[PDB]
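As structure tokens, one chain now follows by itself in the form deposited in one PDB entry.
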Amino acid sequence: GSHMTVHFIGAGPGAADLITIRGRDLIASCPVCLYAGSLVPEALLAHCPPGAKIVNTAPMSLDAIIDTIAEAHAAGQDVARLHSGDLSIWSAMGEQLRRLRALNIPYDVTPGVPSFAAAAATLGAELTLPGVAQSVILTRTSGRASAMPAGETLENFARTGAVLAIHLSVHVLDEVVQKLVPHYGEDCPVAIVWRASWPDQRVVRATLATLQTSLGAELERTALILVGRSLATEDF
């Protein structure tokens, strides 16, 4: 047989049917499910086996989360640990792994559909365009929410001319365009996708100079900003 394992699973961008097959099958097979708040679609939780311990981690500290996993480990019970999107980017999986290694609790990771992919799909767009863009930068702004390492400034990324997929930043929409106009041009295409794949999904396309900045301060913060020529060109 196999021993108790914590299965980190990328739940995808919000639609229950955008989890992987593997992701859903692991949910179906774990007696304990820990899900990272309402950004994990509740319909996924219907896959938990009958009698599962289902735990919303959004009100919990990292310590409480780790203690709960340690309890599952002590009981020999597999855990389905669900995070929105994919695990590789801004998931806070890393800090959990470090704690699990220190406790010798085994884990594995099942990749998900990241939100920039959901957003591109919503737009019906290939981001890479021969002769226009051959790179995509996944980034964020400090946005009064983080320190960025020194070299990770919008200015330094903007200098490459790559497609930018800017996360965690819709509340600072106005600063973003101010910092990007000098590099990309006033007329550079920009697209914002709120809540990609949710019943709630909303899109705005414009150029940097013509984007309605006040859209950012609105209630919904789950939005991805895409910037670059390849968002609105057929010249490729």
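Shifts are known only where both forms have a C-alpha. For the two forms, the rigid core is made up of the largest set of C-alpha atoms that agree within 1.5 Å on superposition. The first residue of the shown sequence is 1; numbering continues from there.
There is another form of this protein, the form deposited in another entry, and it is not shown here; the text below is about that form.
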Fill in the blank from the handout: Only one of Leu44, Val170, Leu26, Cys33 shifts its Cα by 2 Å or more between this form and the one not shown once the rigid core is superposed, namely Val170
Exercise for the section: Kindly check if the Cα atom of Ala15 is displaced 2 angstroms or more between this form and the one not shown relative to the superposed rigid core. Expected result: no
Exercise for the section: Explain in one word, closer or farther, how the Cα atoms of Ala162 and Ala217 are placed in that other deposited form relative to this form, where the distance changes by 3 Å or more. Expected result: farther
Practice task
Taking the shown form as the reference, report whether the CA atoms of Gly216 and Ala165 lie closer or farther apart in that other deposited form; the distance changes by 3 angstroms or more.
Solution key: farther
Completion exercise
Core-referenced diff between this form and the one not shown: runs of three or more consecutive residues, each Cα shifted 2 Å or more, sit at 168 to 171, 212 to 223
